[PDB]
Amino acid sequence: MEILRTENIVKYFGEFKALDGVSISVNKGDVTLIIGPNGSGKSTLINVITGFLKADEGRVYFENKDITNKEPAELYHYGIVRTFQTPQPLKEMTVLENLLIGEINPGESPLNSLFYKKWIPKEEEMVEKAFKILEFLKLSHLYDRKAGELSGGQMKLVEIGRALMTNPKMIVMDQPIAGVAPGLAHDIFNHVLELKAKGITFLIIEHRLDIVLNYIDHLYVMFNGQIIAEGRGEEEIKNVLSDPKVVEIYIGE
């Protein structure tokens, strides 16, 4: 049931301690969200897990396999992928190409994958997969469209599509719907549930709780680098959100 766990993960940035012995467990097929005020190490944590950051101490286990500090190219073979915010160079490219760059160095980010330049492979095999995904996402009609011309929610959906290009078992997303209009937002998360349905596990960071909350089935709250609250399920979550210590981290300067 548990697909991912971290055992006392530590990360340092100089002398500052961004993370502080963070341990978390995530069950297969779950949609796990982590929240906390800016500066709590949510991102750093996510980056460590996805392999874009090195864990100074502690470990990460995927399906009970020690994967600590493996490069994203390697984690790709394990079924882990992170969604990447789209850079400007990619915005000049079509929606199809944006899914296609996920093929060059599977698991690696768009720019560490675009080291290959205009060599965005347009090989029949990959493209068919890109379309199959654009299809599932109900975006094939925008396959030829320059990504920079899409709405924020549209762009977010494309990024999810770029990740699916790696047939992941788990998708890690840092703020999938920030700046996305409510209707498109629920739609994005709708597709997540659609994916949860096929057995895909999610680890998400978000700040707009007024939308997201109805979709997550595992919450974690973080402050100063450590897990300061957990709550599995609707009821526990309502409690977690009620708890005054949580509200307080958001008030007082």
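All residue numbers are counted from 1 along the displayed sequence.
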### Query
Taking only the CA atoms, which stretch has the higher mean B-factor in the record, 116-124 or 90-98?
116-124
### Summary
Comparing mean C-alpha B factor in the record for 212-220 and 46-54, the higher one is 212-220
### Summary
Reading the B-factor column for Cα atoms of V240, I24, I9, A18, the highest value belongs to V240
#### Entry: Highest recorded Cα temperature factor - choice among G161, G148, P182, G153
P182
### Query
Against its chain's modelled residues, does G29's Cα B factor rank lowest, middle or highest third?
highest
## Note on the structure
Among the modelled residues of its chain, the C-alpha B-factor of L111 falls in the third labelled highest
### Message
Splitting the chain's C-alpha B-factors into thirds, which one does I80 fall into?
### Response
middle
## Note on the structure
Chain thirds by Cα B factor, record data; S140 belongs to the lowest
### Query
Based on the entry's values, in what third of the chain does the Cα temperature factor of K65 lie: lowest, middle or highest?
highest
